[PDB]
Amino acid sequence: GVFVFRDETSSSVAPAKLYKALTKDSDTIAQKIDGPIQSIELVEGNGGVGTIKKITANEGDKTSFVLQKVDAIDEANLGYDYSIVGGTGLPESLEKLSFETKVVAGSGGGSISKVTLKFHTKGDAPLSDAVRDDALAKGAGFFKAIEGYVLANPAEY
């Protein structure tokens, strides 16, 4: 089955800048900062729809990876969708985790980051809170890492 969860996050970062950092510069920033992500490599494509990326990261003291697919890109409306489709980093009860994101004008020149997660469980397995919350936690952690990088480097943004 499909489980949907929507969330919004405000930021002082201007829309155009945030969108660029999250969708075009994130792979580069993630390997640059001291976070969980250790390496990102293109398995297929170079960024456009259909692209498959292998992301290797450290979960505690162990390494795992996920395969990521680029579902859609609407640069005109600052939209970007993609999903995690495999790898050892993907919970056993999950078949696919899809993200639908959009950046809109926020308050005081800042923006609003809207995200819709869609959990596709394996064999209609139930979605435990633990699995759902861990994904939200990782999604929130990654977002803050990029936003934080943007805020700390005004010459670049």
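Sequential numbering from 1, following the sequence displayed.
Asks: Once you work out the mean C-alpha B-factor for both 110-118 and 64-72 from the entry, which is higher?
Replies: On average, C-alpha B-factors are higher across 110-118.
Asks: 101-109 versus 50-58: which one carries the higher mean Cα B factor per the record?
Replies: Per the PDB record, 101-109.
Asks: Taking the Cα B-factors listed in the entry, which of 27, 44, 129, 41 comes out highest?
Replies: Highest C-alpha B-factor among the listed residues goes to 41.
Asks: Based on the deposited C-alpha B factors for this chain, I'd like to know if residue 155 is in the lowest, middle or highest third.
Replies: Highest third - that is where residue 155 ends up once the chain's C-alpha B-factors are sorted.
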